[PDB]
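**Student:** Take a look at this one; I'll ask things after.
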Amino acid sequence: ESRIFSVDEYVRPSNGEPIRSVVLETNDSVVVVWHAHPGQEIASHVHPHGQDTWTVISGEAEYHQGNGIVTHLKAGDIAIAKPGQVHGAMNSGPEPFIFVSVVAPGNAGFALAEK
Amino acid sequence: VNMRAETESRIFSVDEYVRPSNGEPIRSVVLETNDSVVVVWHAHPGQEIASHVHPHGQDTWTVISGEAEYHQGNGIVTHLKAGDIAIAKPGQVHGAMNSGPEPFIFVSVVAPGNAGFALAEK
């Protein structure tokens with residue numbers, strides 16, 4: 001029914017590894033809300049056959065691009081991983097790091113990877 | 001400051017792609033690939049994103065700033081605010097009007113990247 005989803009309703013804060021909170025999954029995209037507490041890492045991974053587009057809602061973090069590459073993200077940034085590109089994050093900031101991930105296509109596979 | 005080859009040029013600041021206009025909102029493209037087209041949209045109060053349908057694509061909006069009336073087709077309107085996600089699946093009419101006061105700014109991800117559209121109110 002609903003076509004609108006509020007991020008604050010969908011964040012799933014975790015003591016352990018951040019929770020992959022799925023808003024809506026379809027054949028065309030997987031839409032997920034991620035939340036990292038200060039000091040929490042979003043484990044690096046790759047979609048061998050899809051794109052992952054992050055839109056940052058709040059906070060500031062380190063974006064892990066693979067091969068030790070670290071770039072800084074803040075609220076209002078878009079971070080894109082094309083097929084095969086490693087992506088992850090470390091919330092090195094004092095506020096929560098919250099973003100929306102749109103993976104396309106909706107069946108893009110997944111592997112863990114190294115920051 | 002830092003600059004990388006296009007492959008590893010992967011962070012885009014919404015503010016750098018915002019294109020305010022006093023006429024029809026501007027489709028400011030961040031990146032177009034086979035897998036998605038990523039666009040930054042901006043509407044002033046009272047401005048509209050025309051209602052349309054992608055027969056074979058999903059359009060996922062993430063709202064950065066402001067509030068809007070999200071049109072779902074047929075005069076059906078729901079309320080969008082900053083931090084909300086709006087999703088049109090294939091064959092779902094979607095459009096918006098900035099109901100104010102702030103600029104209404106969102107990131108649209110259309111998938112697949114080549115999904116066509118048609119203007120439609122229902």
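Each chain of the structure tokens is named A, B, ... in the order shown, its residues numbered from 1; ligands are numbered from 1 in display order.
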Excluding residue 85 in chain A and any residue of its chain fewer than 6 positions from it, enumerate the residues within 8 Å of it, using only C-alpha atoms, and give them as a count of residues only.
**Tutor:** 5
**Student:** For the structure I just gave you, how does DSSP split chain A - specifically, which residues are alpha helix (DSSP H)? Reply as a list in words.
**Tutor:**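 Residues of chain A classed as alpha helix (DSSP H): residues 7, 8, 9 and 10 of chain A.
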**Student:** Using the selection just defined, write its residues with C-alpha atoms as a compact mmCIF listing (two decimals), in the first residue's frame.
**Tutor:**
# COMPACT_ATOMS: atom_id res chain seq x y z
CA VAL A 7 13.69 7.00 7.25
CA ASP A 8 13.26 7.46 11.00
CA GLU A 9 10.69 4.65 11.02
CA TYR A 10 13.01 2.34 9.07
**Student:** Report as a PyMOL selection string the set of chain A residues whose atoms approach chain B to within 9 Å, with distances computed over only C-alpha atoms.
**Tutor:** chain A and resi 2-8+23-24+26+28-29+31+49-51+53+55-58+63+65+71-83+85+100+102-105
**Student:** Would you compute the distance between CA of residue 75 in chain B and CA of residue 97 in chain B? Give it in Å to one decimal.
**Tutor:**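 Going from CA of residue 75 in chain B over to CA of residue 97 in chain B, I get 12.3 Å.
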**Student:** Would you give me, as a PyMOL selection string, the residues in range 32-108 of chain A that DSSP reads as strand (DSSP E or B)?
**Tutor:** chain A and resi 32-36+41-46+51-58+60-64+70-74+77-81+87-90+97-104
**Student:** Compile the contact shell of residue 91 in chain B as a CSV table (one decimal) with C-alpha atoms, in the first residue's frame: residues with an atom at most 8 Å away, counting only C-alpha atoms, same-chain residues fewer than 4 positions apart removed.
**Tutor:**
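File selection-v3.csv, as written:
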chain,number,residue,atom,x,y,z
B,53,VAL,CA,4.9,6.9,-15.4
B,54,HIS,CA,7.8,4.7,-16.3
B,55,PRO,CA,6.2,1.6,-17.9
B,56,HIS,CA,9.4,-0.5,-17.2
**Student:** What does the distance between CA of residue 12 in chain A and CA of residue 39 in chain A come to in Å, to one decimal place?
**Tutor:**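 Calculated distance between CA of residue 12 in chain A and CA of residue 39 in chain A is 15.8 Å.
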**Student:** Just the number, please: distance in Å from CA of residue 1 in chain A to CA of residue 100 in chain B, one decimal.
**Tutor:**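 Going from CA of residue 1 in chain A over to CA of residue 100 in chain B, I get 25.7 Å.
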